[PDB]
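**Student:** first chunk of the complex, coordinates as they sit in the assembly:
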Amino acid sequence: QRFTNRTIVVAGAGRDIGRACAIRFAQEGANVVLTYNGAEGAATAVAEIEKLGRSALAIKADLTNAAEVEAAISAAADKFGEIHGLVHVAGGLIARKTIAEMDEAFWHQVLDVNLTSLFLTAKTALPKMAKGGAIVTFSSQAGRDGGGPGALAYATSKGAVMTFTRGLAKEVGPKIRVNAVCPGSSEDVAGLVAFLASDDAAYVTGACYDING
């Protein structure tokens, strides 16, 4: 009952980790808004969540698109009211390329899906979030060490996401907490995320919580 009568937006909830987060919050009593760009994973989950007695909404959204992010956030707020949690799962390697292979468009595609998207969701969600609310971002070991062969653009965006998370923490607290998970199965990851989004972590903000999974 950690998320009783609470509304959680999981941004990028279509597969794997985001999907597992969506369900875990429902298992703990939350209304859950799922976003996706890519629909089966999300629909399923919506059904799983309804089967639990709980409420959910699935919304198509390209998270690099300021307008579709506004539309998604607004639907969530209009349906359930105050947002208690934003979990921003979207991101990805895209592909492996050395710098000689990357063109400017590819660089921006990676930075946009991992980093710009988070700027958009956090920016849009914040004015709607409940006092005591919380944001959880996803960083990566690649952000700390520079990443493996061909993953330069993705590593860079994750390091950015780590710095952004600490900076936003200071900017929006005490009202709103902001923490990163640095990723064991999808549901293990979701246990950690649910901890960070819960009042169990009322005094945790600006931090990176690592998990083998």
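**Tutor:** Received, thanks. Residues are numbered from 1 along each chain as shown, chains lettered A, B, ... in the order given.

**Student:** check which residues of stretch A:183-198 are buried.
**Tutor:** A:183, A:186, A:189-190, A:192-198 (16 or more other C-beta atoms under 10 Å). In this view, the C-beta of every residue, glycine as well, is placed from N, C-alpha and C.

**Student:** repeat that for stretch A:206-213.
**Tutor:** A:208-209.

**Student:** what does that stretch contact?
**Tutor:** The list of residues contacting stretch A:206-213 from outside it, by C-beta atoms under 8 Å, 6 or more residues apart in numbering, reads A:139, A:162, A:165-166, A:169-170, A:173, A:178-186, A:188-189, A:192, A:195-196.

**Student:** against which helices or strands is the lengthiest helix in chain A packed?
**Tutor:** In chain A, taking DSSP state H as the definition, the longest helix is helix A:152-172. Under the contact definition 3 or more C-beta pairs under 8 Å, 6 or more residues apart in numbering; DSSP states H and E, helix A:152-172 sits against helix A:104-111, helix A:117-125, strand A:129-138, helix A:141-145, strand A:177-182.

**Student:** could you identify which of these is most buried?
**Tutor:** Of the helices and strands packed on helix A:152-172, the one with the most neighbours on average (mean count of other C-beta atoms under 10 Å) is strand A:177-182, at a mean of 24.

**Student:** and the very next helix or strand once past that strand, how far out from the chain's middle?
**Tutor:** Sequence order places helix A:186-197 as the next helix or strand after strand A:177-182, per DSSP states H and E. With C-alpha atoms, centre = their mean, to the nearest Å as the basis, helix A:186-197 stands 11 Å off its chain's centre.

**Student:** using PDB, write out every CA atom in helix A:186-197.
**Tutor:** Extracted C-alpha coordinates of helix A:186-197, given in PDB (Å, rounded to 0.1, in the frame of the first residue of the first chain):
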ATOM      1  CA  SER A 186      13.300  -6.300 -14.800                       C
ATOM      2  CA  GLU A 187      11.200  -6.700 -11.700                       C
ATOM      3  CA  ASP A 188      14.300  -6.400  -9.500                       C
ATOM      4  CA  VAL A 189      15.000  -3.100 -11.100                       C
ATOM      5  CA  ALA A 190      11.300  -2.100 -10.500                       C
ATOM      6  CA  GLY A 191      11.600  -3.000  -6.800                       C
ATOM      7  CA  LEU A 192      14.400  -0.400  -6.500                       C
ATOM      8  CA  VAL A 193      12.500   2.200  -8.600                       C
ATOM      9  CA  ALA A 194       9.400   1.800  -6.400                       C
ATOM     10  CA  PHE A 195      11.600   2.300  -3.300                       C
ATOM     11  CA  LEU A 196      13.000   5.500  -4.700                       C
ATOM     12  CA  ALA A 197       9.500   6.800  -5.700                       C
END
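
**Student:** to the structure above, add chain B:
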Amino acid sequence: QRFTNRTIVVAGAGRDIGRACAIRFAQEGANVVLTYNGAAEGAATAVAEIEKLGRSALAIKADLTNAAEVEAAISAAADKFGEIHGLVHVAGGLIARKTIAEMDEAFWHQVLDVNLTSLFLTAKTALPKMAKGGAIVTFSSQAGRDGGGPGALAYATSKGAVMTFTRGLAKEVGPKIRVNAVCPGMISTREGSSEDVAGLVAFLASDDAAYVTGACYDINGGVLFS
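**Tutor:** One more chain to add, chain B, which I have set with the ones above:
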């Protein structure tokens, strides 16, 4: 004598720190190429100070967020002096202090492009022209580690990105090239200035740092107000 017959490209001498680095390297015997954008009065000072040492800098106007102007500057440098031994990327800056509510998406990209994307373009363009054992020095910030001060969220984020980019690029382009970052703090309205940051940059570009790569070197003080 540290840089006698070495070609050093200082990208971002539109900033005071590039003025300081450009003069430092020339004082140490380097062939200096410096790019500039904006009013670039700091660049004009570097050029006139460099002439006073009896050599001459190749100074080139280039908005380093523009891939074409980045390629021109790199080509002209290669044309004039041959192999690039050092690229020092100092472009970037705070642009303005704004909370996330005050920032719009075009403000976000302006900060990230000037601080981070410019770094991608210039390293990407310079790399094929660089000498064996050449060094890149990037500009990070203690803000990159801790999230920065009030209103500096976009800037801090780009300074964290540069730190990670530096570690990745280092693994990718070594052993031929080294890549490292300076991590200054800020000047409050024992702190060193751009003249002292320039000293650490010169160190990282020198033969004494031949085996330093993928590192962020801290220094107290800095290039802008906190």
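
**Student:** ok chain B is in now, so what about the buried residues of stretch A:206-213?
**Tutor:** A:206, A:208-209 (16 or more other C-beta atoms under 10 Å in any protein chain shown).

**Student:** neighbours around residue A:82, how many?
**Tutor:** Counted with other C-beta atoms under 10 Å in any protein chain shown, the neighbours of residue A:82 add up to 14.

**Student:** same thing with residue A:169?
**Tutor:** Here the number of neighbours of residue A:169 (other C-beta under 10 Å) works out to 20.

**Student:** okay, and the beta partners of the spatially most central residue of chain A?
**Tutor:** Nearest to the mean C-alpha position of chain A, counting by C-alpha atoms, centre = their mean, stands residue A:88 at 1.2 Å. Residue A:88 has the following beta-bridge partners by DSSP bridges: residue A:11.

**Student:** for it, give me its contacts.
**Tutor:** For residue A:88, the contacting residues are A:11-12, A:117-118, A:121-122, A:135-138, by C-beta atoms under 8 Å, 6 or more residues apart in numbering or on different chains.

**Student:** please repeat the previous calculation with a cut-off of 7 Å.
**Tutor:** By C-beta atoms under 7 Å, 6 or more residues apart in numbering or on different chains, the contact set of residue A:88 is A:11, A:118, A:121, A:137-138.

**Student:** got it, and residue A:195?
**Tutor:** residue A:201.

**Student:** picking up where we left off before, of all the buried residues of stretch A:206-213, which comes closest to residue A:64?
**Tutor:** residue A:208 (24.0 Å; C-beta to C-beta).

**Student:** if the closest one is in a bridge, with which residues?
**Tutor:** On the basis of DSSP bridges, residue A:208 is bridged to residue A:180.

**Student:** and stretch A:177-190, how far from the chain's centre?
**Tutor:** The chain centroid and the centroid of stretch A:177-190 are separated by 10 Å under C-alpha atoms, centre = their mean.

**Student:** what's the end-to-end length of it?
**Tutor:** Using C-alpha to C-alpha, to the nearest Å, the end-to-end distance of stretch A:177-190 comes to 18 Å.

**Student:** again, but for stretch A:120-130
**Tutor:** 18 Å.

**Student:** which residues touch the residue located most distally from the centre of chain A?
**Tutor:** Of all residues in chain A, residue A:100 has its C-alpha farthest from the mean position, at 31.0 Å, by C-alpha atoms, centre = their mean. By C-beta under 7 Å, 6+ apart, residue A:100 lies in contact with nothing.

**Student:** please slot chain C in as well:
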Amino acid sequence: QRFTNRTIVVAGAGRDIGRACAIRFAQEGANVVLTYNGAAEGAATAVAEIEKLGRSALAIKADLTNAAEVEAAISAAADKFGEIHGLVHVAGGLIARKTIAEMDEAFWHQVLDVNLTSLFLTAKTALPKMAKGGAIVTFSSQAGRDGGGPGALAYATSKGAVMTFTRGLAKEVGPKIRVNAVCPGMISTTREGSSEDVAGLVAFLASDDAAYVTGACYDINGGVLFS
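**Tutor:** Placed with the earlier chains, chain C looks like this:
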């Protein structure tokens, strides 16, 4: 119910944080063993409060820098409750604020022994008695990252040592045992959580939801002593 029939050893309940952890694990169904040293008036509160839950803590006197008292405390716990599922090591502290010129070698060792050597001893001793999937939680500190405040150099140093010990030990004892650290700040005397909240982070790290966390340092703002 998170710790129902779990055996949790809180080593260092001579300190307020050990009072807070012991009561918290007891609230969540654990069999609690707590060791104590000094006036231990905090350990005495934990024991009385635990009794009021209708169970009974095993409280054991032990100076955790003394290998023999560590072995006894550990045996006594294994003898009473069987396999140890959780070792929470909270012994340590500042002792006194002294500059390097004011410290003597014996002072240096006193701080390092109570904070670090005690951890080596209790982890070394407990390991063979621990269950598969058991968790160790160690006590680091933000001062371990940044070098600490005025006069706290011996303490801070021991807290960075604890952080590195936590990472090496995790690589050595996994996958059977997890090892992690909490990393609090400090209470200013001028949103800071207290020992009750740090205890909540410890409980998490000892729990089933943290099965795939190991080798990590988990920060929390606020803490167990005055800055």
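
**Student:** once more on the contacts of stretch A:206-213, with chain C this time?
**Tutor:** A:139, A:162, A:166, A:169-170, A:178-185, A:188-189, A:192, A:196, B:147, C:212-214, C:216, C:218-219.

**Student:** same question, stretch A:6-14
**Tutor:** Contacts for stretch A:6-14 (C-beta under 7 Å, 6+ apart): A:18-19, A:21-22, A:25, A:30-36, A:38, A:41-42, A:45, A:63, A:76, A:80-90, A:121, A:125, A:197.

**Student:** buried subset of those residues as a PyMOL selection?
**Tutor:** Those of the contacts of stretch A:6-14 that count as buried under 16+ other C-beta under 10 Å are selected in PyMOL with:
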select buried, chain A and resi 18+19+21+22+25+30+31+32+33+34+35+36+41+42+45+63+76+80+83+84+85+86+87+88+89+90+121+125+197
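
**Student:** contacting residues for the nearest residue to residue A:9 once chain neighbours are set aside?
**Tutor:** Closest residue in space to residue A:9, ignoring its immediate chain neighbours: residue A:33 at 4.6 Å, by C-beta to C-beta, 6 or more residues apart in numbering or on different chains. Contacts were defined as C-beta under 7 Å, 6+ apart; by that measure residue A:33 touches A:7, A:9, A:57, A:59, A:76.

**Student:** distance of residue A:33 from chain C?
**Tutor:** Separation of residue A:33 from chain C (C-beta to the nearest C-beta, to the nearest Å): 23 Å.

**Student:** gap between that residue and chain B?
**Tutor:** Taken as C-beta to the nearest C-beta, the span from residue A:33 to chain B is 21 Å.

**Student:** can you list the residues of chain A near chain C?
**Tutor:** Counting by C-beta under 7 Å from any C-beta of the partner chain, chain A comes close to chain C at A:173-174, A:184, A:188, A:191-192, A:195, A:200, A:203-205, A:207, A:209-213.

**Student:** go with 10 Å
**Tutor:** Within chain A, the positions near chain C by C-beta under 10 Å from any C-beta of the partner chain are A:24, A:169, A:173-174, A:177, A:179, A:182-185, A:187-192, A:194-195, A:198-213.

**Student:** pretty sure residue A:96 sits against residue A:148.
**Tutor:** Yes: assessed by C-beta atoms under 10 Å, residue A:96 is found in contact with residue A:148 at 8.3 Å.
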